[PDB]
Structures are given as structure tokens and as C-alpha cells.
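All remarks here apply to the structure that follows.
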Amino acid sequence: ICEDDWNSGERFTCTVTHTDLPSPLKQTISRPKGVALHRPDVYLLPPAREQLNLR
Amino acid sequence: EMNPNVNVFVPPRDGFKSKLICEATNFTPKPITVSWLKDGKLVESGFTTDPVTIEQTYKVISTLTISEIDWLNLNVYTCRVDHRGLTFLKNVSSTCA
Amino acid sequence: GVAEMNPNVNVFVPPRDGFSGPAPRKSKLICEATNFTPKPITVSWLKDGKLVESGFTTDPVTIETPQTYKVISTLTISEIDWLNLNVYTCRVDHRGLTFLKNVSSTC
Numbered sequence: 413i414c415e416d417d418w419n420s421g422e423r424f425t426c427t428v429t430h431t432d433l434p435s436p437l438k439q440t441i442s443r444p445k446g447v448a449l450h451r452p453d454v455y456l457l458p459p460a461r462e463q464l465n466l467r
Numbered sequence: 230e231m232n233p234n235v236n237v238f239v240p241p242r243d244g245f252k253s254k255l256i257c258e259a260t261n262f263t264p265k266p267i268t269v270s271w272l273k274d275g276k277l278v279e280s281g282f283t284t285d286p287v288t289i290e297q298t299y300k301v302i303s304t305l306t307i308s309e310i311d312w313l314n315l316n317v318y319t320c321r322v323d324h325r326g327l328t329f330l331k332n333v334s335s336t337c338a
Numbered sequence: 224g228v229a230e231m232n233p234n235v236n237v238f239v240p241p242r243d244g245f246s247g248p249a250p251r252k253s254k255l256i257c258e259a260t261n262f263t264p265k266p267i268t269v270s271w272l273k274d275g276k277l278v279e280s281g282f283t284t285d286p287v288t289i290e295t296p297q298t299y300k301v302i303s304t305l306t307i308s309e310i311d312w313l314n315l316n317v318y319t320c321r322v323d324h325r326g327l328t329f330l331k332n333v334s335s336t337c
């Protein structure tokens, strides 16, 4: 799938052909639109001193 | 002049490439045209026509070569029968669908 | 007056809408075999272990490098017996070998 074809918001559903289920299932896999872009904030949490005592 | 009885058989539920038989017994006169369809589209090749036998009535059958993958995906195989200008259609699908 | 093969049992069943006519409706069962030589097969129908002696018509064996043949059979059944989940078996006797194929309408 082209990169430009995914950002346009198209319905890409896959189908299966199995003998147990006569009716194929459809799974809607589409990227939701209208969302915003937020800069992620990375924080590092050092381990507490209560764990280093156990060694 | 009587209307032929169109009957299309289906493969068993517990498995069986299978074949499709469209019987048109108890029909008159002897000439009869039998074709096959696939999801509303014409079929070029992949089927044969057995010679008409004698059961006065006759017996005409047709064999279609299909696949297991293309049969359990909600596909309609209509047996179009043209008899004395009358087009007979029989839409079939999966019983367990 | 040298090809020895085994028959392939193929049983056809009516669909959920294959019954027609005045009540009770009736249908047909077809048991065909292809790609086998010689052809000692005798058409026999078994309904839940009971031998059927009426309602069947054995058509003559036609002709389809080994020489293969094909046999087409027809058995008259009833809609009432089909709703009771009755297993139909097409008995095949090829050179003494017994071939069975149990079919039903269970999904």
C-alpha cells in the first residue's frame, strides 16, 4: 500500500477463505482523521533506594 | 410443452474441487440450452454438457468445474435454462451461511 | 481379451432450497465416481444402515493412457427424512474393496 494512500483515510479490510466459517469476516483497519500532533515528553524515573538494599 | 424442473446440487457440508449438476428432467421438446453464471458474469470455459439421454421425456445434465475456495465465499452460480423462449433461473448459495 | 486404480466417491446433496413440488417435497441424491479402471462398481444405497431396494435408478456407465469411466446414480428421497438428520452412505464395491462416504446436513 502506498504511503499517500494511507493518509487519505481509506478503508482497507482483509478477507479470509476458511472452510469452517462460510461467511468471511471484515476487519476495518483505517487511520482516524482529525487528530492533532502533540510532542511527546520523555521522562526517566530512577529506581528507588528501597530496592538496591536487596542486592 | 412443460416447464423443466431446474435443480442445482451442492457439495456436502463436511467437505467433498467439486462439481455442480443442474438437472432439467421432465422437459419437452428435446432441444434445450443450459448455461452457467458466476456472480452475475458470463462463464467462457470450465464446463461441459453431457449428451441428452432418454428416461416421452428426456434427461439433460451439465457439469461445472468449481473450487472449494470460490464456493464458500458467498458466490451465486445461477443455472440459466432457456426453454421455448422462457429463461429459467435458480440462485443458490451456502446452506450454512 | 494393466491399469489398476481406486474409485473416488462423490456424493451430492440438495441445498436448503432444493426441495420443490407438492407437500411432502422430494429431492434426489447423486453418487458419481471418476478416474478408475476397471469398473466393477455396483450401485448400492444405505439409509442409516438400511439397504434401499426401491426408488433408485442406476444409469448405464458411460465413457469419459488408462481408460477411465464414470457412473451416475439417482436416489429419490423425502424432505421429512432429511429433517431427521439421516446419514446417507453410497456403498461402492471395487474389486472387493468397500468404499463408504457418510454425508449429512450438519454444519
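These protein sequence lines map, in sequence, to chains N, B and A.
Start counting the first sequence at 413; every next residue gets the next number (PDB author numbering).
FYI, in PDB author numbering the residues of the second sequence are 230 to 245, 252 to 290, 297 to 338.
FYI, in PDB author numbering the residues of the third sequence are 224, 228 to 290, 295 to 337.
Don't be surprised by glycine CBs; every beta carbon is placed ideally from N, CA and C.
Task: Among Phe282/A, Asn232/A and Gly224/A, the one whose alpha carbon lies nearest that of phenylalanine 329/A - done: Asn232/A
TODO: Give me the Cα-Cα distance between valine 447/N and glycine 421/N, rounded to the nearest whole angstrom.
DONE: C-alpha separation (whole angstroms): 12 Å.
- [ ] Under 8 Å between beta-carbons, which chain B residues line up against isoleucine 307/A? List them in chain order, please.
- [x] Residues of chain B passing the Cβ test: none, with the nearest at roughly 12 Å.
Open item on the list: With H, G and I counted as helix, E and B as strand and the rest as coil, what does DSSP make of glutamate 290/B?
Closed with: Three-state DSSP puts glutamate 290/B in coil, outside helix and strand.
Task: The beta strand (DSSP E) enclosing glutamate 258/A, as first and last residue numbers - done: Counted as a single uninterrupted DSSP element, the beta strand (DSSP E) harbouring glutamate 258/A occupies residues 252 to 258.
Task: Contacts around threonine 283/A, its chain only, beta-carbon distance under 7 Å, and the 5 residues preceding and following it disregarded - done: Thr304
Open item on the list: I'd like to check one pair, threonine 336/A with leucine 315/A: are the Cβ atoms closer than 8 Å?
Closed with: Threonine 336/A is positioned such that its CB atom lies closer than 8 Å to that of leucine 315/A.
Open item on the list: So that I know if they touch, is there some Cβ in chain B lying closer than 8 Å to that of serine 435/N?
Closed with: Cβ-Cβ to chain B under 8 Å: yes for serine 435/N.
- [ ] Count the other CB atoms, across all protein chains shown, that sit within 10 Å of the CB of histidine 324/B; report buried if there are 16 or more and exposed otherwise.
- [x] buried
- [ ] Using a Cβ cut-off of 8 Å (strictly closer), state whether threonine 431/N contacts chain B.
- [x] yes
Open item on the list: Per the DSSP calculation, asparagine 236/A is bridged to which residue(s)?
Closed with: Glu258/A
- [ ] At 9 Å on the CB atoms, spell out the chain N contacts of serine 335/B, in chain order.
- [x] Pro434 and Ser435
Open item on the list: Going by C-alpha to C-alpha distance, which of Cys257/A, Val278/A, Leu277/A and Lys252/A sits closest to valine 287/A?
Closed with: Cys257/A
TODO: Using 10 angstroms around the beta-carbon of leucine 313/B, count the other beta-carbons present and answer buried if the total reaches 16, otherwise exposed.
DONE: buried
Open item on the list: With a threshold of 8 Å between beta carbons, is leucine 272/B in contact with chain N?
Closed with: no
Task: Contact with chain A by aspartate 311/B, beta-carbon distance below 8 Å - done: no
Open item on the list: Looking only at its chain, what residues have a beta carbon closer than 7 Å to the beta carbon of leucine 272/B, apart from the 5 residues adjacent to it on each side?
Closed with: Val278, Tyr318, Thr319 and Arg321
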